[PDB]
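Note that the numbering runs from 1 along the sequence shown for the chain. For ligands, and for the atoms within them, numbers begin at 1 and follow the listed sequence. Note that these values count all heavy atoms, side chains included, but never hydrogens, waters or copies made by symmetry.
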Amino acid sequence: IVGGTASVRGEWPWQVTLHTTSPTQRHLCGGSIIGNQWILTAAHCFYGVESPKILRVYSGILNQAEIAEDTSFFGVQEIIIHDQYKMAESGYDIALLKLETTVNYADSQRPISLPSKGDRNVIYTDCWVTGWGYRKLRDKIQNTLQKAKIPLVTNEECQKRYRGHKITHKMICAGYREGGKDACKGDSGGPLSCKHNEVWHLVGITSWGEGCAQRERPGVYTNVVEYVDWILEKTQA
Ligand SMILES: *[C@](=O)([C]([C][C][C][N][C]([N])[N])[N]C(=O)[C]([N]C(=O)[C]([C][C][C][N]C([N])=O)[N]C(=O)[N][C]([C])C1=[C][C]=C(Br)[C]=[C]1)[C]([C])[C])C1=N[C]=[C]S1
């Protein structure tokens, strides 16, 4: 996260940090708890991942330092990538992680509500992006979960900022015309939580962008509401 600040512990209870143990353990991507056994994240986050066995999901984390060899985690039973996904910039950058065990909800870890179809006309004026991504291009994985408030921009406006790209209705962007605050490397898969009427909603999934926090380069996210049907279909046994 660029231009953000340290989060309060438990402030984003749905945020998880997805680690890979290969070659040695490290943070790979962000993710969101949406069900007792389900994490919603980005599909492109599994590039080079042949098996779910090397994945570890940690919930209720603030500082990466909290994660040690003796720290409990959730194993991943299955990685479900949207069948139309090819690459982040083309859309469909969404994936579901079915955990091997159920998450016991608590103040430190609980699910975020998915947006409803009857909410595409809602004016989210309180949206935040979080994760342990780069604070800058040449940076590394930050220890403390960062957060940054960022306004959503219309798709027409976003398309203007990305000429060589095709910004579809299945994407949603957020950023400051002048830049300064944005997601960055490592925040991928993270949630773009928006508070609408006292209730937090998972509006987007951190996907891509030209660089990080550059002026006139909004962050691009997966427009979650466009996938509620897909999510329902893939989560039902
Ligand atoms: C994810 O954490 C990041 C999240 C990026 C969110 N960005 C903002 N600003 N909100 N995702 C990526 O790194 C993805 N790639 C890119 O975002 C960009 C796309 C550029 C397209 N530009 C134009 N104008 O066409 N690519 C990119 O940065 N590529 C270089 C080679 C790169 C260098 C170092 C690292 Br780390 C990643 C990419 C990925 C490629 C889909 C992460 N997902 C994986 C690692 S971080």
Undergrad: Which of the numbered atoms in ligand 1 are below 4.0 angstrom from a heavy atom of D187?
TA: 2 (O)

Undergrad: Are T17 and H19 close enough that a side-chain donor and a side-chain acceptor fall under 3.5 Å?
TA: yes

Undergrad: What is the closest protein heavy atom to atom 10 (N) of ligand 1, and at what distance does it sit?
TA: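 Here the closest protein heavy atom is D182 OD1, 2.7 Å.
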
Undergrad: Give a yes or no on whether atom 41 (C) of ligand 1 lies under 4.0 Å from any heavy atom of the protein.
TA: yes

Undergrad: Note the single closest protein heavy atom to atom 5 (C) of ligand 1, along with its residue, its atom name and the distance in Å.
TA: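 I find the closest protein heavy atom is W208 CA, 3.9 Å.
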
Undergrad: Can you confirm whether something in the protein, heavy atoms only, sits under 4.0 Å from atom 31 (C) of ligand 1?
TA: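 There is no protein heavy atom less than 4.0 Å from atom 31 (C) of ligand 1.
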
Undergrad: Just to be sure I read this right, does ligand 1 sit under 4.0 Å from the backbone of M87, its side chain, both, or neither, counting only heavy atoms?
TA: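 Neither part.
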
Undergrad: Does the protein come close to atom 34 (C) of ligand 1 - that is, does one of its heavy atoms sit below 4.0 Å from that atom?
TA: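 Looking at atom 34 (C) of ligand 1, one finds that no protein heavy atom lies closer than 4.0 Å.
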
Undergrad: Which protein heavy atom lies closest to atom 46 (S) of ligand 1, and at what distance to 0.1 Å?
TA: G186 N, 3.2 Å

Undergrad: Tell me which part of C184 gets within contact of ligand 1: side chain, backbone, both or neither, using heavy atoms under 4.0 Å.
TA: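 For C184, the contact with ligand 1 is made by the backbone alone.
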
Undergrad: Looking at atom 21 (C) of ligand 1, what's its closest protein heavy atom, distance included?
TA: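 It is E89 OE1, 3.2 Å.
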
Undergrad: For the 3.5 Å polar cut-off, considering only N or O atoms, please tell me whether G209 and ligand 1 meet it.
TA: yes

Undergrad: Does the separation of the ring centres of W200 and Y124 fall below 6.0 angstrom?
TA: no

Undergrad: For the residue pair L55 and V49, what are the closest heavy atoms and their distance?
TA: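 Closest approach of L55 to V49: CD2-CG1, 4.5 Å.
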
Undergrad: Below the 3.5 angstrom mark, is there an N/O of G219, backbone or side chain, next to an N/O of ligand 1?
TA: no

Undergrad: Which heavy atom of the protein is the closest neighbour of atom 14 (C) of ligand 1, given with residue, atom name and distance?
TA: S207 O, 4.1 Å

Undergrad: Taking atom types as modelled, is there a side-chain donor on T102 or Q37 under 3.5 Å from an acceptor on the other?
TA: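 No, no side-chain donor-acceptor pair sits under 3.5 Å.
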
Undergrad: Please confirm whether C45 approaches ligand 1 to less than 4.0 Å, judged on its heavy atoms.
TA: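 False for this residue.
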
Undergrad: Given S207, which partner from the list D187, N223, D93 fulfils the side chain to side chain donor-acceptor pair (under 3.5 Å) test?
TA: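 Output: one option passes, namely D93.
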
Undergrad: Does either side chain, that of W12 or that of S193, offer a donor lying less than 3.5 Å from an acceptor on the other one?
TA: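 No - no donor-acceptor pair under 3.5 Å links their side chains.
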
Undergrad: My understanding is that we take every heavy atom of each candidate and find the minimum distance to atom 44 (C) of ligand 1. Doing that for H27, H165, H44, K185, which one comes out nearest?
TA: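 Minimum heavy-atom distance to atom 44 (C) of ligand 1 goes to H44.
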
Undergrad: Tell me which part of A88 gets within contact of ligand 1: side chain, backbone, both or neither, using heavy atoms under 4.0 Å.
TA: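 Near ligand 1, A88 shows its side chain, while the N, CA, C and O stay back.
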
Undergrad: Using every non-hydrogen atom in the two residues, find where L28 and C45 come nearest and quote the distance to one decimal.
TA: CD2-O, 3.4 Å

Undergrad: Where on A42 is there a heavy atom closer than 4.0 Å to ligand 1, on the side chain, on the backbone, on both, or on neither?
TA: neither

Undergrad: What is the closest protein heavy atom to atom 2 (O) of ligand 1, and at what distance does it sit?
TA: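 Protein heavy atom with the smallest distance to atom 2 (O) of ligand 1: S188 OG, 2.4 Å.
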
Undergrad: Does one side chain, of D126 or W128, offer a donor that lies under 3.5 Å from an acceptor on the other?
TA: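 Side chains of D126 and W128: pair found under 3.5 Å.
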
Undergrad: Starting from atom 23 (C) of ligand 1, find the nearest protein heavy-atom neighbour and note its residue, name and distance.
TA: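 Looking only at protein heavy atoms, the one closest to atom 23 (C) of ligand 1 is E210 OE1, 2.6 Å.
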
Undergrad: Does the ring of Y162 carry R217 above it, NZ/CZ under 6.0 angstrom from centre and within 45° of its axis?
TA: yes

Undergrad: Using a 6.0 Å distance limit plus a 45 degree cone around the ring axis, check whether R56 lies over the aromatic ring of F73.
TA: yes

Undergrad: Taking all non-hydrogen atoms of both residues into account, name the closest pair between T144 and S7 and its distance.
TA: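 Reported closest heavy-atom pair: CG2-N, 4.4 Å.
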
